[PDB]
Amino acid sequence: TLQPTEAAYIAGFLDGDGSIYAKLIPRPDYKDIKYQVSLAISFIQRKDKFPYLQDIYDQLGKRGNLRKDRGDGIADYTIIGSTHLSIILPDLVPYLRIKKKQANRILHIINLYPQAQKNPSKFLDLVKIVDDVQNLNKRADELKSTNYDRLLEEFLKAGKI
């Protein structure tokens, strides 16, 4: 299993060269809420250091997708979805510092999702947490995320709520 010092290290490395983010994906094919909330954490590194990503991958149960080269000589390792994150984030959270908040927001989103997936009003509250996470990843002088505001208007205009 993942030992304490391994999780501590990964958390430190994630606080350094990694990212914890959420996004709203337009889904034209979806049926009433034409969006899918995507959740993920990733580690990024110069391609020559790809082996170290592979090592973290193994320690995390081989969950996620490794990419030897994004195309710009950079390599990355991304773990998408509640399935993997529900198991991984709990192991890292006690050690995360810089990105600890973002991690908790993702976990919050994961627990709210089942009942928000087909309920416009609950979906909006969940979208507010998505904006929070995107803003936590922005400098203070950057335009804040406005997914909640935009979807609230969309939902009203469509009668959904």
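Numbering starts at 1 and follows the sequence shown.
- Of the two segments examined, 81 to 89 and 67 to 75, it is 67 to 75 that shows the higher average Cα temperature factor in the deposited entry.
- When the two stretches 27 to 35 and 132 to 140 are set side by side, the higher mean Cα temperature factor goes to 27 to 35.
- Sorting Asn119, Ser42, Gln45, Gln102 by the CA temperature factor given in the entry leaves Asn119 at the top.
- Annotation for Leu126: C-alpha temperature factor in the highest third relative to the rest of the modelled chain, per the entry.
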